[PDB]
Amino acid sequence: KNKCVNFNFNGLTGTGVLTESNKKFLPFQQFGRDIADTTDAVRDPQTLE
Amino acid sequence: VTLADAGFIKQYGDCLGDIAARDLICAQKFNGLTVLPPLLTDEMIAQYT
Ligand SMILES: *[C@@H]1O[C@H](CO)[C@@H](O)[C@H](O)[C@H]1NC(C)=O
């Protein structure tokens, strides 16, 4: 976290910084999408944060 | 007159995390669209006026 990386979650490849969100995802949700139809949040599958 | 931006210092302290979901300006910047600042300030115009 807080470092620049080539992430992949579940096949959602990309490049970015990752950080501990405060976004109150309801328990069924896994992604947030930005206005631009581009993912901006993900719930880690091994450790649900 | 109420403005979406004027080039007024975006430093990712605001634009990364919470506000990236709502501020039009953060989304533009994160997608490679930059508002540039005017050469004269709203003080410098007030001096000429
Ligand atoms: C991953 O494996 C460890 C044990 O090897 C376990 O603690 C953990 O629950 C596993 N991941 C998930 C999402 O259950």
# chains A, B, ... in the order shown; residues from 1 in each chain; ligands from 1
>>> closest_atom_pairs(of="chain A", to="ligand 1", cutoff="12 Å", atoms="only C-alpha atoms and all ligand atoms", output="Markdown table")
| residue | atom | partner | partner_atom_place_in_ligand_line | distance |
| --- | --- | --- | --- | --- |
| A:43 | CA | ligand 1 | 13 (C) | 11.0 |
| A:44 | CA | ligand 1 | 13 (C) | 8.6 |
| A:45 | CA | ligand 1 | 13 (C) | 5.6 |
| A:46 | CA | ligand 1 | 13 (C) | 3.7 |
| A:47 | CA | ligand 1 | 13 (C) | 5.6 |
| A:48 | CA | ligand 1 | 13 (C) | 7.3 |
| A:49 | CA | ligand 1 | 13 (C) | 10.8 |
>>> write_last_selection(atoms="N, CA, C and O atoms", output="PDB file, in the first residue's frame")
ATOM      1  N   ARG A  43     -12.256  -4.665  -3.123  1.00  0.00           N
ATOM      2  CA  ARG A  43     -12.131  -5.386  -1.850  1.00  0.00           C
ATOM      3  C   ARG A  43     -11.166  -6.587  -2.033  1.00  0.00           C
ATOM      4  O   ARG A  43     -11.460  -7.497  -2.809  1.00  0.00           O
ATOM      5  N   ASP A  44     -10.027  -6.589  -1.330  1.00  0.00           N
ATOM      6  CA  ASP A  44      -9.024  -7.662  -1.442  1.00  0.00           C
ATOM      7  C   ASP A  44      -9.628  -9.041  -1.103  1.00  0.00           C
ATOM      8  O   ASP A  44     -10.221  -9.190  -0.036  1.00  0.00           O
ATOM      9  N   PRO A  45      -9.483 -10.063  -1.965  1.00  0.00           N
ATOM     10  CA  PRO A  45     -10.184 -11.332  -1.791  1.00  0.00           C
ATOM     11  C   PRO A  45      -9.630 -12.198  -0.660  1.00  0.00           C
ATOM     12  O   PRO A  45     -10.348 -13.025  -0.101  1.00  0.00           O
ATOM     13  N   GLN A  46      -8.347 -12.065  -0.335  1.00  0.00           N
ATOM     14  CA  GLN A  46      -7.728 -12.890   0.696  1.00  0.00           C
ATOM     15  C   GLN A  46      -8.040 -12.359   2.098  1.00  0.00           C
ATOM     16  O   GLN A  46      -8.147 -13.135   3.046  1.00  0.00           O
ATOM     17  N   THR A  47      -8.220 -11.047   2.226  1.00  0.00           N
ATOM     18  CA  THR A  47      -8.432 -10.332   3.486  1.00  0.00           C
ATOM     19  C   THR A  47      -9.345  -9.146   3.234  1.00  0.00           C
ATOM     20  O   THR A  47      -8.921  -8.141   2.677  1.00  0.00           O
ATOM     21  N   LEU A  48     -10.612  -9.287   3.618  1.00  0.00           N
ATOM     22  CA  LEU A  48     -11.716  -8.469   3.131  1.00  0.00           C
ATOM     23  C   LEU A  48     -11.689  -7.024   3.654  1.00  0.00           C
ATOM     24  O   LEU A  48     -12.433  -6.656   4.563  1.00  0.00           O
ATOM     25  N   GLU A  49     -10.842  -6.192   3.059  1.00  0.00           N
ATOM     26  CA  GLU A  49     -10.747  -4.754   3.309  1.00  0.00           C
ATOM     27  C   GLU A  49     -10.789  -3.947   2.003  1.00  0.00           C
ATOM     28  O   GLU A  49     -10.368  -4.414   0.942  1.00  0.00           O
TER      29      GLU A  49
END
>>> residues_around(residues="residue B:26", least_positions_apart="5", cutoff="10 Å", atoms="only C-alpha atoms", output="JSON, numbers by chain")
{"B": [5, 10, 12, 14, 15, 16, 19, 20, 21, 31, 33, 34]}
>>> write_last_selection(atoms="C-alpha atoms", output="CSV table (one decimal), in the first residue's frame")
chain,number,residue,atom,x,y,z
B,5,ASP,CA,-11.9,25.1,-11.0
B,10,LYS,CA,-4.7,20.4,-6.8
B,12,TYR,CA,-3.9,14.9,-4.3
B,14,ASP,CA,-8.0,16.4,-1.4
B,15,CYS,CA,-8.2,14.7,-4.9
B,16,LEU,CA,-7.1,11.2,-3.9
B,19,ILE,CA,-13.4,13.4,-3.1
B,20,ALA,CA,-12.2,11.6,-6.3
B,21,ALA,CA,-15.8,10.2,-6.5
B,31,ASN,CA,-8.0,11.1,-16.9
B,33,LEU,CA,-7.5,16.6,-18.8
B,34,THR,CA,-5.7,19.7,-17.2
>>> interface_residues(of="chain A", to="chain B", cutoff="10 Å", atoms="only C-alpha atoms", output="short mmCIF file (atom, residue, chain, number, x, y, z; two decimals) with C-alpha atoms, in the first residue's frame")
data_model
loop_
_atom_site.label_atom_id
_atom_site.label_comp_id
_atom_site.auth_asym_id
_atom_site.auth_seq_id
_atom_site.Cartn_x
_atom_site.Cartn_y
_atom_site.Cartn_z
CA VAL A 17 -1.19 3.45 -5.70
CA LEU A 18 -3.40 1.37 -3.36
CA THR A 19 -4.63 2.66 0.08
CA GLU A 20 -6.97 1.72 3.00
CA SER A 21 -10.34 3.27 1.99
CA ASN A 22 -13.03 4.44 4.41
CA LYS A 23 -15.75 3.76 1.72
CA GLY A 32 -16.29 1.06 -7.02
CA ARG A 33 -16.34 2.74 -10.31
CA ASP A 34 -15.33 6.34 -10.91
CA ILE A 35 -17.65 8.65 -12.96
CA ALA A 36 -15.51 7.86 -16.05
CA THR A 38 -13.06 3.22 -14.48
CA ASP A 40 -11.29 3.28 -8.24
CA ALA A 41 -11.83 0.82 -5.32
#
>>> atom_distance(atom1="atom CA of residue B:32", atom2="atom CA of residue A:10")
26.4 Å
>>> atom_distance(atom1="atom CA of residue A:39", atom2="atom CA of residue B:8")
26.3 Å
>>> atom_distance(atom1="atom CA of residue B:6", atom2="atom CA of residue B:39")
11.2 Å
>>> select_by_dssp(residues="chain A", states="strand (DSSP E or B)", output="ChimeraX atom specification")
/A:4-5,8-9,12-13,16-17,31-34,38-42
>>> select_by_dssp(residues="stretch 2-45 of chain B", states="alpha helix (DSSP H)", output="number ranges by chain")
B: 24-30, 44-45
>>> write_last_selection(atoms="N, CA, C and O atoms", output="short mmCIF file (atom, residue, chain, number, x, y, z; two decimals), in the first residue's frame")
data_model
loop_
_atom_site.label_atom_id
_atom_site.label_comp_id
_atom_site.auth_asym_id
_atom_site.auth_seq_id
_atom_site.Cartn_x
_atom_site.Cartn_y
_atom_site.Cartn_z
N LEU B 24 -15.68 16.73 -10.07
CA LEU B 24 -15.48 16.66 -11.52
C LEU B 24 -14.00 16.91 -11.88
O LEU B 24 -13.44 16.25 -12.75
N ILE B 25 -13.36 17.83 -11.16
CA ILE B 25 -12.01 18.32 -11.46
C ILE B 25 -10.99 17.22 -11.19
O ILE B 25 -10.04 17.04 -11.95
N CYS B 26 -11.17 16.44 -10.13
CA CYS B 26 -10.23 15.37 -9.81
C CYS B 26 -10.28 14.28 -10.89
O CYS B 26 -9.25 13.76 -11.29
N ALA B 27 -11.49 13.95 -11.37
CA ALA B 27 -11.71 12.95 -12.41
C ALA B 27 -11.09 13.37 -13.74
O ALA B 27 -10.38 12.59 -14.38
N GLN B 28 -11.29 14.62 -14.14
CA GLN B 28 -10.64 15.21 -15.31
C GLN B 28 -9.12 15.04 -15.20
O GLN B 28 -8.51 14.43 -16.09
N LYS B 29 -8.52 15.47 -14.09
CA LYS B 29 -7.07 15.40 -13.90
C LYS B 29 -6.58 13.96 -13.97
O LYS B 29 -5.72 13.66 -14.79
N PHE B 30 -7.18 13.05 -13.20
CA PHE B 30 -6.86 11.62 -13.23
C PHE B 30 -7.03 10.97 -14.62
O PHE B 30 -6.43 9.92 -14.85
N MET B 44 -4.50 40.87 -10.14
CA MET B 44 -3.86 41.68 -11.16
C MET B 44 -4.88 42.37 -12.06
O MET B 44 -4.72 43.53 -12.42
N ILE B 45 -5.98 41.69 -12.37
CA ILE B 45 -7.09 42.32 -13.09
C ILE B 45 -7.73 43.41 -12.23
O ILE B 45 -8.07 44.47 -12.74
#
>>> residues_around(residues="residue A:13", least_positions_apart="5", cutoff="12 Å", atoms="only C-alpha atoms", output="VMD selection string")
chain A and resid 5 to 8 38 to 39 42
